[PDB]
6 protein chains.
Amino acid sequence: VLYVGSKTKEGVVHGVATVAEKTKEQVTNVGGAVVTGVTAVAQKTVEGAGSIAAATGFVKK
Amino acid sequence: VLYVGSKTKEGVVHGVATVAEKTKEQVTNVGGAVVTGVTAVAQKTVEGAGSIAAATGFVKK
Amino acid sequence: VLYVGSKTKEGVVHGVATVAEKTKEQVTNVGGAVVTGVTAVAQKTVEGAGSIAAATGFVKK
Amino acid sequence: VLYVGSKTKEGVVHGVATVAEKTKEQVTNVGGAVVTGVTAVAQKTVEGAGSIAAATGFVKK
Amino acid sequence: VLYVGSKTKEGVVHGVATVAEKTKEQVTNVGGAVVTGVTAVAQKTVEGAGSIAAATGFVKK
Amino acid sequence: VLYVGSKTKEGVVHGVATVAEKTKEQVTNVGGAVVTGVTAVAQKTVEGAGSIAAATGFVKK
Ligand SMILES: CNc1ccc(-c2nc3ccc(O)cc3s2)cc1
Ligand SMILES: CNc1ccc(-c2nc3ccc(O)cc3s2)cc1
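A. Quick peek at the arrangement of the chains. Contact between chain B and chain D is absent, and the minimum C-alpha spacing across the pair is 9 Å. Spatially, chain C is disjoint from chain E: no contact exists, and the shortest C-alpha separation is 9 Å.

B. Inspection of the sheet that holds strand β2 (residues 25-27) of chain B at higher detail. Taking strand neighbours across the sheet as the criterion, the three strands line up as β2(A)-β2(B)-β2(C) in an open arrangement whose pairing is parallel. The open sheet terminates on both sides in strands that have one partner only, identified here as β2 (25-27) of chain A together with β2 (25-27) of chain C. Along the sheet, successive strands turn relative to each other by an average axial angle of 0 degrees, direction set aside. Pairing between β2(B) and β2(C): three bridges, direction parallel. Bridge pairing links B:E25 to C:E25 in β2(C).

C. Main features of the site of ligand 1. In the vicinity of ligand 1, the residues found are A:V46, B:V46 and C:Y3. The residues that come close to ligand 1 belong to more than one chain, namely chains A, B and C.

D. Layout of the interface of chain A and chain B. At the interface, 61 residues of chain A touch 61 residues of chain B. Summing the contributions of chain A and of chain B, the shared interface buries around 4500 Å²; its carbon and sulfur component is 50%. Our count for the contact surface shared by chain A and chain B stands at one salt bridge. In this structure, A:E10 and B:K44 form a salt bridge, with 2.6 Å as the shortest nitrogen-oxygen distance. Here chain A and chain B share 54 residue pairs in polar contact between them. Mapped by element, the contributors of at least two residues to the side of chain A that touches chain B are β1 (9-19), β2, β3 (35-36) and β4 (39-42) of chain A. For the side of chain A that touches chain B, the residue count by class is 27 nonpolar, 23 polar and eleven charged. Two elements, β4(A) and strand β4 (residues 39-42) of chain B, share three bridges in a ladder whose sense is parallel. Residue pairing in the sheet places A:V41 in a bridge with B:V41 of β4(B).

The rules behind the values
Residues numbered from 1 in each chain as written, not as in the entry; some residues may be left out. Chains lettered and ligands numbered in written order. Heavy atoms only, no water. Contact = heavy atoms within 4.5 Å. Pairing = 2+ DSSP bridges. Helix = DSSP H or I, 4+ residues; strand = E, 2+ residues; numbered from the N terminus. Axes fitted to C-alpha atoms, helices over the stretch in contact; angles between N-to-C directions. Near = heavy atom within 4 Å. Buried area = accessible area lost by both parts, 1.4 Å probe. Salt bridge = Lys/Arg side-chain N within 4 Å of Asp/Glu carboxyl O. Polar contact = N/O pair within 3.5 Å; in protein donor to acceptor, adjacent residues only side chain to side chain. Nonpolar A, V, L, I, M, F, W, Y, C, P; charged D, E, K, R; others polar.

Have a look at this one:
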């Protein structure tokens, strides 16, 4: 009943240096799902299902 | 009843240096799921199922 | 009833230097699930099933 | 007598990512020479003395 | 007499990722020479004395 | 008389990832020479004396 947050950090990314020399990149998706190339990403959920880089499947019923 | 957080860190990424020299990258997905290339990612969930880089399957019923 | 966190760290990644010289990368997925290339990732869950890099299977019913 | 340069590179800097988090920087020079903080610098001389970051001395005669 | 350069590289820096978290930096020079903090520097001289980060002395005669 | 350079490299630095977490840095020079902190530096000289990070002395005559 006296919660005290201070200087806290949650789902935090900082201080990222990145060099990506690539002569070629290619995704050849044929009918499917694909997720590629996530970098320096931060989420924070409450009462929820939190996905960052999901390759979810073809739901059939 | 007197919770005290201070300078805490949770799901935190920091101080990442990355060099990626690649002459070729390729994902040739044919009908499937794929997740590739996650870097410096941070999540934090509460009352939820948290996935970062899932390759989930084709749900059939 | 007098919880005290201080300078704590949970699901934390820091101070990562990475060099990846690769002349070729390739994922040739045909109908399946794949997860590749996770680096410097941090999660924190509460009351939830937390997966980082799962290759989950084709749920059939 | 048939010099052929092609795609040559000389005194070349490229592809530099830099993060510098600093809570304090200070140079307290009292009567002297100082050089600090050179980053991503490129020179090319011909028939000359080329210095990049010199701390040269008090010439007296 | 048929010199052929091609795709040559000389005094070349490339693909540098750098993270520098520092709570304090300080140079307290009192009467002297100092050189500090050179990063990703490239030179190329011909018929000349080439110094990069010299701390040269007090020439007296 | 048929010199052929090709894809040569000389005085070359590439693919350097560096993380430097330092709570304090300090150079307290009193009357002297100092060189500190050289990183990813490349030189190339011809008919010349090439120094990179010299701490040269007080020339007296
Ligand atoms: C959003 N959903 C949620 C539910 C519950 C919580 C927490 N329950 C407790 C119990 C004891 C304790 O020392 C800390 C905590 S935090 C946090 C979030
Ligand atoms: C500007 N000052 C200068 C003087 C001389 C030169 C060179 N002399 C030679 C001799 C033979 C050889 O195979 C290459 C070279 S390059 C380059 C520059």
